[PDB]
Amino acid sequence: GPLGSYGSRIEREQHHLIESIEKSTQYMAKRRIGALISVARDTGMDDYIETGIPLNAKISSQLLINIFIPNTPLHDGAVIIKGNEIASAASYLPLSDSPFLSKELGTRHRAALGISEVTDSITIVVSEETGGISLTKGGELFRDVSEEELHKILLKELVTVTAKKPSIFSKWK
C-alpha cells in the first residue's frame, strides 16, 4: 500500500528491530552460529562503527543471519545498529577485563560486556558453543535468556513509543 512511500514510523522501526533480532538470533542459536549485535542508544557508538565495514543497511533478520555466517568477510566482529540501520559489521568493541565474567565464555561475551560498561547500548550475543542467547546492559550480563525473557527485555529497552496515531514525523532524531 501507499504508507511507507514518504517516510517511516519510529514505533514500526523499533518493533521491527526487535523482531529482526529475535528471528535472526533464534535462527543462529539453533544452528550454533555465533553472533554479536550491539544496539546504540543515548551513548554514541560512532567510533566503534568506524572500526567495521560500513553497511548503512535496512534492518532485516535475513541480513543479520547472512552477516554472521562463519568464515566470511563480515562475521569477525560486532554488528552495530544505529537508528533504523545496520550501521556496520565486523566492528571492534572494548573487551571487559572483569574477573567476574566466567572463563567458559568467549570473546563475543567479553566484548558485549566491555561495550556495556562504557555505553548505554543493549548488546545481544549468541554462543557458538551452546546456542544460548545472552544480553549485556550497564555492565551486567543476562546469560542464556529464554525467548520470553529476551522479548520482554528488548521491548522494555528498545521500544520508546506507546500505542498512538502513526506518523512519519514522530520523535525525529
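Note that residue numbering follows the sequence shown and begins at 1. If you superpose the two forms and keep the largest set of C-alpha atoms that fall within 1.5 Å, you have the rigid core.
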Checklist entry - Relative to the presented form, and with the rigid core used for superposition, do the C-alpha atoms of 61-69 or of 39-47 deviate more in 8 other deposited structures of this protein? => result 39-47
Checklist entry - For the C-alpha atoms alone, is the average B factor greater in 26-34 or in 39-47, going by the entry? => result 39-47
Checklist outcome for this item: Of 126-134 vs 61-69, the stretch with the larger average CA B-factor in the entry is 126-134
Checklist outcome for this item: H151: C-alpha B-factor third of its chain, per the entry, is the highest
Checklist outcome for this item: Of the three thirds of Cα B-factor ranks in this chain, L95 occupies the highest
Checklist entry - Sorting the chain's CA B-factors, does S5 end up in the lowest, middle or highest third? => result highest
Item to check | CA B-factor ranking of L74, expressed as a third of its chain | outcome: middle
Next on the checklist: Quick check on the deposited entry: does the C-alpha B-factor of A112 sit in the lowest, middle or highest third of its chain?
Outcome noted: lowest
